[PDB]
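Down below is the structure, laid out as structure tokens.
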Ligand SMILES: *C\C=C(C)/C=C/C=C(C)/C=C/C1=C(C)CCCC1(C)C
Ligand SMILES: CCCCCCCCCCCCCCCC
Ligand SMILES: CCCCCCCCCCCCCCCC
Ligand SMILES: CCCCCCCCCCCCCCCC
Ligand SMILES: CCCCCCCCCCCCCCCC
Ligand SMILES: CCCCCCCCCCCCCCCC
Ligand SMILES: CCCCCCCCC
Ligand SMILES: CCCCCCCCC
Ligand SMILES: CCCCCCCCC
Ligand SMILES: [Ca+2]
Ligand SMILES: [Cl-]
Ligand SMILES: [Cl-]
Ligand SMILES: [Cl-]
Ligand code: NA
């Protein structure tokens, strides 16, 4: 794999995992310190949700860097590396990012349940695909997971967008800018997976780990930076509970 075997354990992708860990930690601490000076009850909710996004990713990246949760999946003559913490991270952080968007939109708890349930199914079926032992199974689960992603993104772009519009320009503009980021960046994930080690195998583990690290940092720290600097986070919220 393209990279550098930092820990001397035969894993050049640790260069990227290590850089990812550092960036996630810096982002977590930045949001934490910025949050300490926030008093508005709504803004504090966005900070709490958002700090946890690079925070949990920090833990996952540190895990992966040290090789905790790494195994091999047999696919014919090949043995493909799977990091469980990648999927566990996404399982927690994608619902948190969706909750940020749902708070902005001020949508009801059944809408939120639908959005996060389909998102959880997306991640679970991606994991099943990653653990599957035939190409046909891996591609099939990938397709199912991708359909789930399209459903999530469609809900964001329609139902939540229309709800956010009613909340006036500040909220609408922030919702729209973050949704623009999400529709593009999230779609990059299935593309990378299917061209990479889990799918067609064009892109190797090194380049793939690098690019997932860039996507992760952008979709977590980048997203959070954009959200938390906005006046929209001062607007009234209604948590699902
Ligand atoms: C770290 C934060 C984010 C935004 C992660 C997003 C992850 C996905 C959108 C993953 C999607 C997948 C699909 C649609 C198909 C199977 C392969 C994936 C699990 C990578
Ligand atoms: C104004 C001070 C900024 C401090 C932010 C620290 C976070 C560093 C992590 C890098 C995140 C890059 C996101 C990419 C955006 C497209
Ligand atoms: C209170 C109004 C919101 C109603 C939302 C529920 C709609 C049902 C959609 C179910 C989506 C599951 C599809 C699974 C992914 C292929
Ligand atoms: C010789 C291979 C054995 C038979 C396997 C065929 C499975 C094909 C199913 C494809 C599932 C697509 C998921 C998308 C949701 C409709
Ligand atoms: C209103 C449309 C909602 C559904 C959109 C789902 C797919 C998003 C399309 C964006 C494609 C980005 C490609 C980037 C290639 C690097
Ligand atoms: C001998 C070891 C060579 C190390 C070369 C590292 C290349 C540059 C590191 C930056 C990686 C991209 C960061 C993306 C930020 C989100
Ligand atoms: C032999 C040690 C290589 C360290 C790579 C660091 C690259 C800068 C981010
Ligand atoms: C309050 C800082 C972020 C906490 C992240 C939780 C996961 C770490 C194990
Ligand atoms: C919750 C953080 C996971 C990383 C553990 C580090 C163990 C080093 C051997
Ligand atoms: Ca307020
Ligand atoms: Cl405040
Ligand atoms: Cl207040
Ligand atoms: Cl590679
Ligand atoms: Na290493």
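Every residue number used here counts from 1 along the chain in the order it is shown.
Determined by X-ray crystallography, 1.3 Å, according to the entry header.
Every residue, even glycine, has its Cβ placed from backbone N, Cα and C.
In Swiss-Prot this protein carries:
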MOD_RES   1  pyrrolidone carboxylic acid
MOD_RES   220  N6-(retinylidene)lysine
TOPO_DOM  1-12  topological domain 'Extracellular'
TOPO_DOM  35-43  topological domain 'Cytoplasmic'
TOPO_DOM  66-83  topological domain 'Extracellular'
TOPO_DOM  132-135  topological domain 'Extracellular'
TOPO_DOM  197-204  topological domain 'Extracellular'
TRANSMEM  13-34  transmembrane segment
TRANSMEM  44-65  transmembrane segment
TRANSMEM  84-105  transmembrane segment
TRANSMEM  109-131  transmembrane segment
TRANSMEM  136-164  transmembrane segment
TRANSMEM  168-196  transmembrane segment
TRANSMEM  205-237  transmembrane segment
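Below 8 angstroms of C-beta separation, residues 1, 3-7, 47, 50-51, 54-55, 57-58, 61-62, 64-65, 205-206, 209-210, 213, 216-217, 220-221, 224-225, 228 of the same chain, each at least six residues beyond the ends of the transmembrane segment (13-34), sit close to that stretch. Comparison of 44-65, 109-131, 136-164 by number of C-beta pairs under 8 angstroms to the transmembrane segment (205-237) places 44-65 first.
Long-range contacts of the topological domain 'Extracellular' (197-204) within the same chain: residues 1-2, 80-81, 129-130, 138-139, 142, 211, each at least 6 residues beyond the stretch ends and with a Cβ under 8 Å from a Cβ of the stretch. Taking DSSP states H, G and I as helix and E and B as strand, the topological domain 'Extracellular' (132-135) has 1 helix, 0 strand, 3 coil. Per DSSP, the secondary structure of the topological domain 'Extracellular' (1-12) breaks down as 0 helix, 0 strand, 12 coil. According to DSSP, the secondary structure content of the topological domain 'Extracellular' (197-204) in residues is 0 helix, 0 strand, 8 coil.
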